[PDB]
Amino acid sequence: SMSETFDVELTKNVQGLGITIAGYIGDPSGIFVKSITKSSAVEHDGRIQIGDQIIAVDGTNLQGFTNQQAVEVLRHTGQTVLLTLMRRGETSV
């Protein structure tokens with residue numbers, strides 16, 4: 001197994017952060033970056049990539065949460081956000 005964990009301090013503009021994030025919902029888990037908007041704060045920063053897992057927001061660890069619970073933390077953020085992400089490079093399946 002191998003992963004990278006990193007954090008990114010971001011300040012929203014008119015387009016917000018500029019990421020679309022998703023996880024499985026219904027009856028491993030997690031929420032992941034699906035897309036990054038052109039000219040967004042996230043794109044400008046350059047570190048975050050599609051497939052990165054969001055594992056913490058503003059001091060709140062998300063890894064024990066339901067995916068929708070985690071989504072709601074992101075939805076209710078203020079203008080400045082500290083995101084912690086995990087990027088998996090090797091897995092055993």
# chains A, B, ... in the order shown; residues from 1 in each chain; ligands from 1
>>> residues_around(residues="residue 74 in chain A", least_positions_apart="2", cutoff="10 Å", atoms="only C-alpha atoms", output="PyMOL selection string")
chain A and resi 21+54+56-58+68-72+76-78+81+83
>>> residues_around(residues="range 9-20 of chain A", least_positions_apart="4", cutoff="6 Å", atoms="only C-alpha atoms", output="PyMOL selection string")
chain A and resi 34-37+40-42+79-82
>>> write_last_selection(atoms="C-alpha atoms", output="JSON list (two decimals), in the first residue's frame")
[["chain", "number", "residue", "atom", "x", "y", "z"],
["A", 34, "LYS", "CA", -14.66, 14.32, -9.54],
["A", 35, "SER", "CA", -13.81, 17.48, -11.47],
["A", 36, "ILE", "CA", -12.09, 20.83, -11.13],
["A", 37, "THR", "CA", -13.53, 23.99, -12.68],
["A", 40, "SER", "CA", -11.00, 28.19, -10.06],
["A", 41, "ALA", "CA", -9.18, 28.66, -6.76],
["A", 42, "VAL", "CA", -8.49, 24.91, -6.72],
["A", 79, "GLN", "CA", -14.91, 31.36, 2.46],
["A", 80, "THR", "CA", -11.56, 30.05, 3.68],
["A", 81, "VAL", "CA", -11.18, 26.29, 3.92],
["A", 82, "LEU", "CA", -8.37, 23.95, 4.99]]
>>> residues_around(residues="range 24-27 of chain A", least_positions_apart="2", cutoff="8 Å", atoms="only C-alpha atoms", output="VMD selection string")
chain A and resid 22 29 to 31 67 to 68
>>> closest_residue(among="A:44, A:61, A:91, A:8", to="residue 28 in chain A", atoms="only C-alpha atoms")
A:91
>>> atom_distance(atom1="CA of residue 60 in chain A", atom2="CA of residue 85 in chain A")
12.3 Å
>>> closest_residue(among="A:47, A:73, A:93, A:64", to="residue 6 in chain A", atoms="only C-alpha atoms")
A:47
>>> atom_distance(atom1="CA of residue 45 in chain A", atom2="CA of residue 63 in chain A")
24.2 Å
>>> select_by_dssp(residues="chain A", states="strand (DSSP E or B)", output="PyMOL selection string")
chain A and resi 2-11+13+16+19-22+32-36+53-57+60-61+80-90
>>> atom_distance(atom1="CA of residue 4 in chain A", atom2="CA of residue 87 in chain A")
5.1 Å
>>> closest_residue(among="A:23, A:33, A:65, A:53", to="residue 89 in chain A", atoms="only C-alpha atoms")
A:53
